[PDB]
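Chains as they are written, first to last, in the entry's author numbering: chain K, 4 to 385; chain A, 302 to 440; chain B, 1 to 432.
Don't be surprised by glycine CBs; every beta carbon is placed ideally from N, CA and C.
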Amino acid sequence: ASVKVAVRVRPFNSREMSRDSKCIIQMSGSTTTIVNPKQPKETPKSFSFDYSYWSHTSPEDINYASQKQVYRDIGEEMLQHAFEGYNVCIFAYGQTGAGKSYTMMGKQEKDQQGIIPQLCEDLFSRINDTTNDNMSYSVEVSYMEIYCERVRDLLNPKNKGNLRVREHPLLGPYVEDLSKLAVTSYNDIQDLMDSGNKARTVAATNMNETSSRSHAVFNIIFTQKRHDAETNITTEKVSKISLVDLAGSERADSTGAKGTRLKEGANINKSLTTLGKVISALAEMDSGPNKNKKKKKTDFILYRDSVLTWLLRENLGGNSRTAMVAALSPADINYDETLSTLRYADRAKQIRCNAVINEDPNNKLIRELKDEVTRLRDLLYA
Amino acid sequence: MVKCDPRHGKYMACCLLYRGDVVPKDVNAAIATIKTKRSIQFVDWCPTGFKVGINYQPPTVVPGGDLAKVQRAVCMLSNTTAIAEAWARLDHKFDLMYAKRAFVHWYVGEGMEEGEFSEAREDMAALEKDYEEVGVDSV
Amino acid sequence: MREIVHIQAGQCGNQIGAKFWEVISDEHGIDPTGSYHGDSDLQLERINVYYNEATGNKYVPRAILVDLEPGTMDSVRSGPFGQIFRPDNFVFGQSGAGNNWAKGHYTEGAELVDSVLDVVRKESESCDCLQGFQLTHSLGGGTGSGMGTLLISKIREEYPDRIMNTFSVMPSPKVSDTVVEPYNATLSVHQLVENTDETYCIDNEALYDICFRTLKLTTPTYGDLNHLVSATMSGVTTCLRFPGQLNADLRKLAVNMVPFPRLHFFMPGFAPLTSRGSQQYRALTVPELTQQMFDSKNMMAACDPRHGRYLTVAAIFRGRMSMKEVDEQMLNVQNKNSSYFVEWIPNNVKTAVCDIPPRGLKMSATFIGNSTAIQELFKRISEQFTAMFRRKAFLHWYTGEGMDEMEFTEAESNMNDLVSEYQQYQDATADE
Ligand SMILES: CC(=O)O[C@H]1C(=O)[C@@]2(C)[C@H]([C@H](OC(=O)c3ccccc3)[C@]3(O)C[C@H](OC(=O)[C@H](O)[C@@H](NC(=O)c4ccccc4)c4ccccc4)C(C)=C1C3(C)C)[C@]1(OC(C)=O)CO[C@@H]1C[C@@H]2O
Ligand SMILES: Nc1ncnc2c1ncn2[C@@H]1O[C@H](COP(=O)(O)OP(=O)(O)NP(=O)(O)O)[C@@H](O)[C@H]1O
Ligand SMILES: Nc1nc2c(ncn2[C@@H]2O[C@H](COP(=O)(O)OP(=O)(O)O)[C@@H](O)[C@H]2O)c(=O)[nH]1
Numbered sequence: 004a005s006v007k008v009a010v011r012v013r014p015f016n017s018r019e020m021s022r023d024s025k026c027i028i029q030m031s032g033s034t035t036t037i038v039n040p041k042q043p044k045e046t047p048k049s050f051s052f053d054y055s056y057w058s059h060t061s062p063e064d065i066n067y068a069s070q071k072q073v074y075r076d077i078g079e080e081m082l083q084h085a086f087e088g089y090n091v092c093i094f095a096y097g098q099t100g101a102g103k104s105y106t107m108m109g110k111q112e113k114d115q116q117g118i119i120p121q122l123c124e125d126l127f128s129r130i131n132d133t134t135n136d137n138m139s140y141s142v143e144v145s146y147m148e149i150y151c152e153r154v155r156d157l158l159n160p161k162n163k164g165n166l167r168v169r170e171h172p173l174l175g176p177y178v179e180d181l182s183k184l185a186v187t188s189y190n191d192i193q194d195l196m197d198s199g200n201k202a203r204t205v206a207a208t209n210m211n212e213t214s215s216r217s218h219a220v221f222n223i224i225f226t227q228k229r230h231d232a233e234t235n236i237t238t239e240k241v242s243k244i245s246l247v248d249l250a251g252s253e254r255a256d257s258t259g260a261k262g263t264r265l266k267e268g269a270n271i272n273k274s275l276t277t278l279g280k281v282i283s284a285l286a287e288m289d290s291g292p293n294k295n296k297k298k299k300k301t302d303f304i305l306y307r308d309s310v311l312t313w314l315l316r317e318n319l320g321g322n323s324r325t326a327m328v329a330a331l332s333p334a335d336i337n338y339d340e341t342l343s344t345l346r347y348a349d350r351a352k353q354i355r356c357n358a359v360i361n362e363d364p365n366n367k368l369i370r371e372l373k374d375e376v377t378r379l380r381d382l383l384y385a
Numbered sequence: 302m303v304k305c306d307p308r309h310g311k312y313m314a315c316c317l318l319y320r321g322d323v324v325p326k327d328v329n330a331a332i333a334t335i336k337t338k339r340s341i342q343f344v345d346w347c348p349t350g351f352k353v354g355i356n357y358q359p360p361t362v363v364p365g366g367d368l369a370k371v372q373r374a375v376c377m378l379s380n381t382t383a384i385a386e387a388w389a390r391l392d393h394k395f396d397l398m399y400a401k402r403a404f405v406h407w408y409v410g411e412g413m414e415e416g417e418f419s420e421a422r423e424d425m426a427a428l429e430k431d432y433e434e435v436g437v438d439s440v
Numbered sequence: 001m002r003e004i005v006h007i008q009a010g011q012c013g014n015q016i017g018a019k020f021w022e023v024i025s026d027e028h029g030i031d032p033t034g035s036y037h038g039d040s041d042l043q044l045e046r047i048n049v050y051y052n053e054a055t056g057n058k059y060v061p062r063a064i065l066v067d068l069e070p071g072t073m074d075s076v077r078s079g080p081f082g083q084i085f086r087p088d089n090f091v092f093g094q095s096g097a098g099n100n101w102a103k104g105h106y107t108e109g110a111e112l113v114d115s116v117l118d119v120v121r122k123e124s125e126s127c128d129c130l131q132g133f134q135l136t137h138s139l140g141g142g143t144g145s146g147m148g149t150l151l152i153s154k155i156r157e158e159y160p161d162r163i164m165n166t167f168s169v170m171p172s173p174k175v176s177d178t179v180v181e182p183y184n185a186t187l188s189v190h191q192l193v194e195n196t197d198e199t200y201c202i203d204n205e206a207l208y209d210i211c212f213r214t215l216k217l218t219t220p221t222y223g224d225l226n227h228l229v230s231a232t233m234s235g236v237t238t239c240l241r242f243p244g245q246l247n248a249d250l251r252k253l254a255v256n257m258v259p260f261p262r263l264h265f266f267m268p269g270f271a272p273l274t275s276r277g278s279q280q281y282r283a284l285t286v287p288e289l290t291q292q293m294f295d296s297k298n299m300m301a302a303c304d305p306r307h308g309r310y311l312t313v314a315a316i317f318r319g320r321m322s323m324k325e326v327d328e329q330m331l332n333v334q335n336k337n338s339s340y341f342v343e344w345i346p347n348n349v350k351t352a353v354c355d356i357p358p359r360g361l362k363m364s365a366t367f368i369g370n371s372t373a374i375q376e377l378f379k380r381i382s383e384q385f386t387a388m389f390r391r392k393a394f395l396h397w398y399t400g401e402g403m404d405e406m407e408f409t410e411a412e413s414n415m416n417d418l419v420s421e422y423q424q425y426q427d428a429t430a431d432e
């Protein structure tokens, strides 16, 4: 199958209220439509998406999309896939003001918690429920940021040095000396998340009082241990859950960037453009060989350009299944950025994932041979 | 002075600036002769077409130059619809490089946003279309 | 003003730099003692690009010399231009790398890198507005590869905005002088592909071919090769130093040459070349220079440009010439050999012209080409690398100094990815 997509419309923000503006995004079911304020009665545009969330209201239930609804639609399925044995990935996208952080982190005070808190809550709830004598679980966490082509750890305390990126020949890219921490209670992961959000690098700008200056990646490694001592073995299934918050495209002149802020914006834009190029290339690549003939034309995707694409090698393509969450600003002034977000979300829809579960081939071959001898025994016994 | 063929379009306005020993009788006769010819096409909604100015100071000659000393000189400023053609050529080149995002990271690394490219292109397309309608014959 | 800082590492880099300094000095008129003895007034106008003032109306070059063997430093000091350099910039140690990349990069170089960086900071602080760096070294060696790569990494960390260049001598296909060339070359390219902003690929085999076929010499030595390389190095950055009709800063060359960040490997060339005793036959002009410049025999990279396509190209002329002739010739070259130029770049020839030609050359031209055919070179190294890594031929010497097989594997993968990228555009079709 392909990538999942969940577009969401953001409500007005005071910058778009002091300057007069109008709603432009409409949507019904799977379809989302935009009209060009530039010249109306010219060419309304529409796009198809698996999931779409309206958030202009809140007390009323008229197509309102609570964070819990978004979680139940995406994160529940992804947690189930993780328990099945697939590595799974969520990544947010949009522009400064879209609302990617609102969806990921949400607000600690509010009951409306973001995707990652609710996923952790449900994961620990199922761990508590399904623990038994013959079934046990292990969970460990990690949290990293990409500031300007440098990986920085968050749970690790103040450490002026950076962390090197190395490629294991079999397991692919990874980061060396990431403070990988275990967890046994929801309080521990909650405190770790709070500390990580505290230590993140954040700066203010005209588009958002508290904007993000760095991409953020939250990773959970989850192990199932089946301990029927008579028959089964432990550490059967290992799964990886990744949750990615990307920085919003900076328009420079509209954001009032200057000095260091401008250089941060430039680096963010370079990373985002590289991400767009890979996404388009990978989409074209999977689309072509799938329908054209089957030749496996050797046009390879290039991920070694930025650390963001390099570290997300597996999630974009390989043994991972994933979803894109594109936030949207309804203000008429933000027309071109909204169109770019829509087009790249549509392109991301064309991408194919190939998540597959793997275990020790010796054990798999032993089980297959056991099934074969069982079949032959049933044949001759009959 | 620009590699475009004026015959493929229509002349919309013309200013002539004369320097030196020139008389209005001669320029009137010249304008009549140019109006007679068929290769020069004027849009229907500009029945006059021409503006004329005359100055007494003849042009000078720089030492070590290449132009000769002359008694009469003319400068024409013509507003035609042939220009578009040149613009069209340039647009083609832009597309051939923007399909692959070549050289874009240099621009992005200095504060530019990617989308700012596309907008400009669309803007250019708008101007060209308004230079193809301003010349359509009236009905 | 645009100041350049120059660094030299290893035997090859030091000798090339010595010959290069002996050249630039003549172009600007500096005696071996330091005093200025020239004729024209343009020579002092932009002398601060390379030289610093000193109280006795003296000029000292802005160079840094690096090694881990005093022999090369002694040879350079005991020479015609030994007294021109600042003594404090002679950074060196003992117990050299011994043709081992690990010793250069991890064990021995890690001690001297701090002193080298202190000297670099002191030199760069005094500059009014620093433009970029440039470093000369050899990839197939020990000291050169390791210490040059380490210095490049550190300087890129400290000065992320400025330009970095490199004039690196790569291993040749057949004329070999070290048994463990492939390991050092691969480990060095793995970092050069990431850190630096431009790279010019020199090969000894190409220089010998030029010397024997074009120059018609009988006993070429390393002095002549250093001459050719110095000529090219001086010609690349002429427009910072002399006036002209179309200037070309280093940054402008960087923007026009590389279309994507990872493809910054170039083949250089210089024209003309009359081999002497036959100067009276050849008529020197613009089309003759263009004819000699695009020919395959002239290239210094030891790779045929006819096996690929030119991603793009830049030409820097020096002389008094007409602009129409230059533009017409570049257009003619593009239209005639239409197969060998990529088709999705409508015009892929950058042009610059400067008014002051070399001392005794009414005209000259420098060539910087960026073509897919360079992939061949990398493939050779990669093949040889595999032939020695499948059985771990000489690996223990590296592992004793604090490395592991993972480093070799990732370096090989990165170079293979580079080869694949360059090959993606090489074939025809592609188009839209
Ligand atoms: C007598 C005469 O003019 O003959 C030429 C000559 O025959 C040719 C063959 C010269 C000659 O070059 C060589 O023979 C040569 C040998 C080994 C490596 C490289 C070159 C020449 O030696 C080289 C010499 O070049 C220069 O002097 C330049 O100004 C050049 N010189 C240096 O590189 C230099 C070296 C050490 C100290 C100072 C300068 C230069 C370029 C830029 C800035 C400053 C200087 C020139 C024109 C000639 C001879 C003498 C035969 C050529 O070289 C240059 C750089 O001009 C080889 O290709 C050119 C074409 C010339 O026609
Ligand atoms: N559904 C929503 N309901 C209420 N406020 C929202 C909603 N979506 C977004 N916002 C608000 O929109 C503002 C910006 O959201 P944010 O997530 O910071 O945007 P972004 O596009 O992710 N940019 P950045 O902060 O740099 O990551 C905040 O005030 C959010 O609370
Ligand atoms: N072009 C050129 N190449 C050289 C010169 N001297 C040595 N080399 C090359 O440098 C390589 C050896 O590198 P080396 O200088 O020993 O590296 P180092 O030991 O780290 O300084 C050999 O392949 C030689 O061909 C020179 O003067 N000119």
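Contact annotation: the region 104-119 of chain B touches the region 129-149 of chain B, with at least three C-beta pairs closer than 8 angstroms. Every unbroken stretch of the beta strand (DSSP E) spanning 3 or more residues and falling wholly within the region 352-435 of chain A is given here in chain order: 373-381.
By alpha-carbon distance to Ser242 (chain K), the top candidate from K:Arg167, K:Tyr54, K:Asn90 is K:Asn90. Per the DSSP secondary-structure output, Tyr56 (chain K) pairs in a beta bridge with K:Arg11.
With respect to the 8 angstroms criterion, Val91 (chain B) and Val116 (chain B) are classified as neighbours on the basis of their beta carbons. As the crow flies, the alpha-carbon of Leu225 (chain B) is around 51 angstroms from that of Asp256 (chain K). Excluding sequence positions up to five before and after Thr208 (chain K), its CB lies within less than 6 angstroms of the CB of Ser214, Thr258, all in the same chain and listed in chain order. If you draw a straight line from the Cα of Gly235 (chain B) to the Cα of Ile316 (chain B), it comes to about 8 angstroms. Counting other Cβ atoms within 10 Å of its Cβ, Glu340 (chain K) reaches 16 or more and is therefore classed as buried. With a cut-off of 7 angstroms, the C-beta of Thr149 (chain B) is classified as distant from ligand 1, since no heavy atom of the ligand falls inside that distance.
Neighbourhood of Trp397 (chain B) in chain A, by CB distance below 7 angstroms: empty, with the nearest CB roughly 40 angstroms away. Under the Cβ criterion (8 angstroms, minimum of three pairs), the region 420-436 of chain A counts as touching the region 385-393 of chain A.
A residue is called buried when at least 16 other Cβ atoms come within 10 angstroms of its Cβ; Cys201 (chain B) meets this threshold and is buried. Under the three-state reduction of DSSP, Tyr146 (chain K) is assigned to strand.
Excluding its 5 nearest sequence neighbours in each direction, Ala286 (chain K) has C-beta neighbours in its own chain below 6 angstroms: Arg350, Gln353, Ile354, listed in chain order. Following the DSSP letters along the chain, one finds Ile335 (chain A) inside the alpha helix (DSSP H) bounded by residues 325-337.
Interface criterion not met: the Cβ of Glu433 (chain A) is under 8 angstroms from no Cβ in chain K.
In the displayed model, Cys211 (chain B) falls within a helix according to three-state DSSP.
The C-beta distance from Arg262 (chain B) to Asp308 (chain K) rounds to 7 angstroms, short enough to fall under 8 angstroms. Closest option to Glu152 (chain K), judged by alpha-carbon separation, among K:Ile28, K:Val178, K:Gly100: K:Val178. About 6 angstroms separates the Cβ atoms of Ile304 (chain K) and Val281 (chain K), confirming a contact at the 8 angstroms cut-off.
About 15 angstroms separates the beta carbons of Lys362 (chain B) and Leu273 (chain B), which is beyond the 8 angstroms limit, so they are not a contact pair.
Per DSSP, the continuous beta strand (DSSP E) segment holding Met164 (chain B) begins and ends at 163-169. Distances from the CB of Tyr105 (chain K) to the heavy atoms of ligand 2 include at least one below 7 angstroms.
In this structure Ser364 (chain B) is buried. Its beta-carbon is surrounded by 16 or more other beta-carbon atoms within 10 angstroms. Spatial neighbours of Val193 (chain B) in its own chain (CB-CB distance under 7 angstroms, excluding positions within 5 residues in sequence) are listed in chain order as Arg262, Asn414, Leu418. Where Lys324 (chain B) is concerned, the enclosing alpha helix (DSSP H) starts and stops at 323-336. Taken atom to atom, the span from the alpha-carbon of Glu407 (chain B) to that of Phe221 (chain K) is near 27 angstroms. Contact of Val193 (chain B) with chain A is not assigned, every C-beta pair being separated by 8 angstroms or more. Around the CB of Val303 (chain A), fewer than 16 other CB atoms lie within 10 Å, so the residue is classed as exposed. Scanning its chain for C-beta atoms nearer than 8 angstroms, with the 5 sequence neighbours on each side dropped, one finds around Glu79 (chain K) the residues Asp125, in chain order.
When distances are taken from the beta-carbon of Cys12 (chain B) to the heavy atoms of ligand 3, the shortest one is below 7 angstroms.
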